[PDB]
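Novice: Give me coordinates for this.
(chains A and B)
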Amino acid sequence: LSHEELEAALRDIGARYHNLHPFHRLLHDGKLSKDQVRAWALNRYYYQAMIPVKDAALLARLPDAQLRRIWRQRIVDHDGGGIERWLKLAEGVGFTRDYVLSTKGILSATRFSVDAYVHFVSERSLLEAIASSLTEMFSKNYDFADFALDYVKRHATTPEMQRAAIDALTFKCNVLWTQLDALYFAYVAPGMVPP
Amino acid sequence: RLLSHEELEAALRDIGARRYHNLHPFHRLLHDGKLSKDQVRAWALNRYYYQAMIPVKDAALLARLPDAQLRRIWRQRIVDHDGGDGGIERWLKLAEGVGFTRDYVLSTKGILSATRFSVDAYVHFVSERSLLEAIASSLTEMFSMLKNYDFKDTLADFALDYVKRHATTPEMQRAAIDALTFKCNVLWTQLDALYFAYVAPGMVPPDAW
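Specialist: Numbers count the residues shown, from 1 in each chain, chains lettered A, B, ... in the order given. Let me share the structure:
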């Protein structure tokens, strides 16, 4: 209920966050094939390629110029810049720039979980939309955010709002969690899926 | 790629020859009766969600329609599913009939995120794409049992017409062939999630009952 307990609860949900997912475990501890890392990169492009779609989706819902200016900074980071760093990693492990861009190869589950993220932000309430960035509280073995948290504290005024805040963060974690499930399903075990 | 028409029916049919959910490890396993009771439990729980959301889809779709004559045709699909007692209600029977409480199944607390998100994508697709695609995405219906699972009282042509007469540019024929692909993906990921979580191997935060 208070700002620090509210925060304590949001962090605890981190301690559900995607570094615990088995697809991260492997990756982080040097154990995935190169095709497996490529797949990862190919799919994770689409997640990155839509963060600015998401922040612009959210910007239009902001009620004053002051809040828009601030949020706009995140659009500026990715469109440039951020998306461009991501292309380079996937070019970095062998993909033509044009193949990554067109999304031909990405998995339907990624596409849905990411497009789920875009629509939450535009359908759910502003407090929830803002609360779902807060995974940003939580962010070399192959030869080959304080504004959001202030915001939710001052605007989650009631118990219900407060749980929406918490629910919204879990939604975020699920979005991310299920990208990874798909990628494990498709590419580490058992290993299936059409185009 | 040029124009088609009856060749177009055999392009649409042909997506179901491959991309339609009956050619899936989960659907093979269910059909042949090799899943445990719990695995028919997961499937049944998750599928409720797809079934509960088809009227939502068709409303969303009903709202984007340009006139009353069309809303009238399409309104039937809504009725089929909502009924006072109709299509969704059978599906709750199936869930009830493999041990679930009506209350848990209804709430969706325990569906997997991938189903939520695939089904939701279908809802948006129909709100966002052209009328021709929304309609085309119905066409798995051109492809619409369990005598290995001992567990009594628990035991379409308009669209295909619309698409041929309105798919007059090659760009529109692909869009509709994609629309049907898209939807094949929606069912396919539902099942990929189910396979991953309940058969080989996975688990998935709070979800599975």
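Novice: okay, now residue A:143: neighbour count?
Specialist: 4 (other CB atoms under 10 Å in any protein chain shown). C-betas here are computed from N, CA, C, even on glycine.
Novice: Can you give me the distance of it to chain B?
Specialist: Distance from residue A:143 to chain B, counting by CB to the nearest CB, to the nearest Å: 30 Å.
Novice: Next to chain B, which bits of chain A? Give me the list.
Specialist: Contact residues (CB under 8 Å from any CB of the partner chain) of chain A with chain B: A:16, A:107-109, A:111-113, A:115-116, A:119, A:174-175, A:177-178, A:181-182, A:184-186, A:189-190, A:192-194.
Novice: ok, of those, which come out buried?
Specialist: A:16, A:107-109, A:111-113, A:115-116, A:119, A:174-175, A:177-178, A:181-182, A:184-186, A:193 (16 or more other CB atoms under 10 Å in any protein chain shown).
Novice: So in chain A, which helix runs the longest?
Specialist: Ordering each helix of chain A by length in residues (DSSP state H) puts helix A:159-187 first.
Novice: how much does that one deviate in direction from helix B:113-128?
Specialist: 100 degrees (axes from the mean of the first three to the mean of the last three CA atoms, to 10 degrees).
Novice: how about the closest residue to residue A:120 other than its chain neighbours, what does it touch?
Specialist: Leaving aside its sequence neighbours, residue A:120 sits nearest to residue A:171 (CB to CB, 6 or more residues apart in numbering or on different chains; 5.9 Å). Shown in contact with residue A:171 (CB atoms under 8 Å, 6 or more residues apart in numbering or on different chains): A:120, A:128, A:132.
Novice: May I ask you to confirm that the second one is in contact with residue A:168?
Specialist: Yes. Using CB atoms under 8 Å, residue A:128 and residue A:168 qualify as a contacting pair, with a distance of 4.0 Å.
Novice: which one of those two has more residues nearby?
Specialist: residue A:168 (24 against 21).
Novice: how close does that one sit to chain B?
Specialist: Here the criterion is CB to the nearest CB. By it, residue A:168 lies 14 Å from chain B.
Novice: Show me which residues of whichever strand or helix holds residue A:66 are buried.
Specialist: For residue A:66, the host element (DSSP states H and E) is helix A:65-79. Residues of helix A:65-79 classed as buried: A:67, A:71, A:74-75, A:78-79 (neighbour count, 16+ other CB under 10 Å).
Novice: Over to stretch A:135-147?
Specialist: Counting neighbours by 16+ other CB under 10 Å, stretch A:135-147 gives A:135, A:137 as buried.
Novice: ok, which stretches of chain A are helices?
Specialist: Assignment of helices within chain A using DSSP H yields the ranges A:3-14, A:22-28, A:34-49, A:51-59, A:65-79, A:82-92, A:97-102, A:108-123, A:126-131, A:146-155, A:159-187.
Novice: Check the offset of the helix holding residue A:66 from the chain's centre.
Specialist: 17 Å (CA atoms, centre = their mean, to the nearest Å).
Novice: can you check stretch A:45-58 too?
Specialist: 9 Å.
Novice: Can you name the residues in contact with that stretch?
Specialist: Contacts of stretch A:45-58 (CB under 8 Å, 6+ apart): A:71-72, A:74-75, A:78-79, A:82-83, A:86-87, A:90, A:100-101, A:103, A:106, A:110-111, A:114-115, A:117-118, A:121-122, A:129-130, A:179.
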